[PDB]
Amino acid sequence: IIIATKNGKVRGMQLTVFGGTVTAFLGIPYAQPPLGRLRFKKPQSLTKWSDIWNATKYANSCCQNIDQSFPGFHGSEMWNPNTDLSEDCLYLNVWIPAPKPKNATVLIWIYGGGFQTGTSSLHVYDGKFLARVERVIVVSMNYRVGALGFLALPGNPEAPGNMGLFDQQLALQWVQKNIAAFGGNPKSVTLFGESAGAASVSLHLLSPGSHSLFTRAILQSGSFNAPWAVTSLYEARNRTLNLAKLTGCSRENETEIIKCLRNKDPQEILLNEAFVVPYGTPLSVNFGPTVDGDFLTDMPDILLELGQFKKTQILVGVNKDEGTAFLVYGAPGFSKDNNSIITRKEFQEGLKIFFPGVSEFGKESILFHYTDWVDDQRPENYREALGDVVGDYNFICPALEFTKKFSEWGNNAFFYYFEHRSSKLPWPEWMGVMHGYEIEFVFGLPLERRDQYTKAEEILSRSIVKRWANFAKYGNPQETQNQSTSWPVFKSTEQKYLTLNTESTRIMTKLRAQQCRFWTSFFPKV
């Protein structure tokens, strides 16, 4: 119940899971609270305590704007913070099997949310099922988001950028120093994350400071080369300066700008985040990772291309309908409450929403490549084309290109295509297999028979959980016992991938080949 860590004792709590027990330590601090003069700085190391820290409830979530697009609606509100917001939010959680394991492999979760939102306490990130079923240790941390986590004046230690990535890194360090006391093996640590959390995982593969802090990596629906994931230094300074003007903090001393921003209340900073860009989209990442010369030593596309990254195994994948969720956050003619049949002209207006700074030629080229119909008279043609545009550009083609370029330097990579739509999905059926809705299967929520998933979903989640655990423990995402399809390595020539669904698991090749040639080779030119 009580574990001695290098900064003090912590008390956990026992949970009953599937006729067994899991010990949970919720809300262990891993850094000094980044308050006052510490706002916008890299996280500082923790000073010891002599009490017993009671880690028996989730801690505060980091300050963030909330999704208010659909009040009362579970599909959006399940992603909203479920603990108090506070700048005092640098805490982590640990789930361990009971009895205490001897040398357990460790899975560290990094949540997503566009680098502007998210928290480790969400129901769909509950690590107790993985600890119970696979006898791994699960760790998750809160990290700063939005301008409080990623505001940048590159070079200036008062606001250097990437602070939220250094939060993640300091939690990785905490696991290295402390997890053996919990029965974990610090030499067998796998990072996993989704969307911006997966982009974060991919940046830890690039950052020399993270290379000794983990073993292997899992990237669900994200990678740093996605178009939303990295902010240019030009964009970053324009956005910091715009925030200053919107808050009355414009100065000529850049350090004086930061000191003035340090006296604003968190809510004043949050209120102005959306407006630091002239044209926002549903995928806007107003404050995100930058090339800071510290966490990130060079433009990450260069590092990837030239093989400058941790050499290890990776597991990467995407969902069938990544793009559909974003359509109801601004595209005309779309609604979660009807079937969103749109016209050609609405499609064209939708491209303006999603590609505001793109030339007319660029937008025509998207239309040309996505509107060559198998049948001109299917009413859902344009609705489905816009979702695929958004998903292929923002998630699928960057994930495949990351996997290709990473595998070219000699490491085993495994790619999946998740195509099962949750029987409980609160969003409409036209949105299909949405962004974020593989997470509950990875965390084993359908293994709880009391919670209304189908039997086929229980079996799918059980197999995914085993494959993820075998990847973390052994570097190989096989399910070896139940006559399962073998998961081949992804190589840049054959490009084999595994489909995940309740019916038939299949080996396929060259996912989205035609679409990704457009996005990866042509579209970056316009």
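The term rigid core refers to the maximal set of C-alpha atoms that superpose within 1.5 Å between the two forms. Heads up: residue numbers just count along the shown sequence, starting at 1.
Farther on average from this form in 4 other deposited structures of this protein lies stretch 273-281, the comparison being between 273-281 and 166-174 by RMS Cα distance after core superposition. Of the two segments examined, 481-489 and 465-473, it is 481-489 that shows the higher average Cα temperature factor in the deposited entry. Relative to its counterpart among 259-267 and 319-327, 259-267 has the higher mean temperature factor, C-alpha atoms as listed in the PDB entry. Across the residues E364, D337, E305, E401, the deposited record lists the maximum Cα B factor for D337.
For the set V175, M163, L445, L243, the PDB entry assigns the largest Cα B-factor to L243. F40 sits in the middle third of its chain by CA B factor, as recorded in the PDB entry. Split the chain's modelled residues into thirds by C-alpha temperature factor. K496 is in the lowest one. In this PDB entry, the Cα temperature factor of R378 sits in the top third of its chain's modelled residues, the highest group. Ranked against the other modelled residues of its chain, the C-alpha B-factor of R450 as given in the entry falls in the highest third. When the modelled residues of the chain are ordered by C-alpha B-factor, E194 sits in the lowest third.
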